[PDB]
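A single chain, nothing else alongside it, follows as structure tokens in the form deposited in one PDB entry.
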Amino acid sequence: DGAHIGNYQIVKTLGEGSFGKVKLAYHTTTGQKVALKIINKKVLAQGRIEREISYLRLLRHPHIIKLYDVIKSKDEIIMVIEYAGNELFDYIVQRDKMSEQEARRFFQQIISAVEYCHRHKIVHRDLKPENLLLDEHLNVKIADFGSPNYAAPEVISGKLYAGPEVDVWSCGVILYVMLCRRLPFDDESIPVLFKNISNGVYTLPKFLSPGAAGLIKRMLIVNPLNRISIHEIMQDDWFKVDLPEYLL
């Protein structure tokens, strides 16, 4: 409880909860900021935590949150996660509308990460800002593994199945939001909202470039079968523009 911990110097507890207790800290020699997610016996009331860890361990990507260490005992499971002090959410809200160039930059980074997940047979299923962190060089970091609005028709239901086509849908809502600073389906009326989603009822503003209009249009297809795939996205002309080498 302990202002230090084998390489890591505790600073202060960011938040608290059931098992929760989440403190911030940093590498003694490297200086890297880190969150320590603490867990224990409470967890008796488990499967999703092993999921997290195995998942985060398996995924080494510039745009997926890093798991530096998992420290176990007969009580505690302490996770040593990479720190990012902001969300993409905040960045969106606090500035007004962002240039096509800017959203392609973040977008490329998100899609990159997602394509990596899928390659390793893992689908996110809850993509959204607030699951999309930002570091200090303004880099997206997927964080998870709050809003019904980025959730695909197959997720909002629970009769059909949620495949990788589903992160694509999310990612299309995320694009549209960065681009329009308005949610494609947002409604005060819960039913009207889900109706809209399941019917893919939304407006493409006319101010959208033909390239972005086009790519969003193909991401928000109700029928997973006609929905664009991750691979097909990476070969979109609008998407390729200024697409960094490393993201290949």
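Under this definition, the rigid core comprises the largest set of C-alpha atoms superposing within 1.5 Å between the forms. Start at 1 and count along the sequence shown; that's the residue number.
We do not show the form deposited in another entry, though everything after this point is about it.
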Exceeds or equals 2 Å, Cα of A151 between the shown form and the other one, core fit: no
Core-superposed C-alpha of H137 shifting 2 Å or more between the shown form and the other one: no
Rigid core superposed: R95 CA moves 2 Å or more between the shown form and the other one: yes
In that other deposited form, shift in Cα separation for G17 relative to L127, 3 Å or more: closer
Outcome for the Cα pair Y55, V173 in that other deposited form, compared with this form (closer or farther; change of 3 Å or more): farther
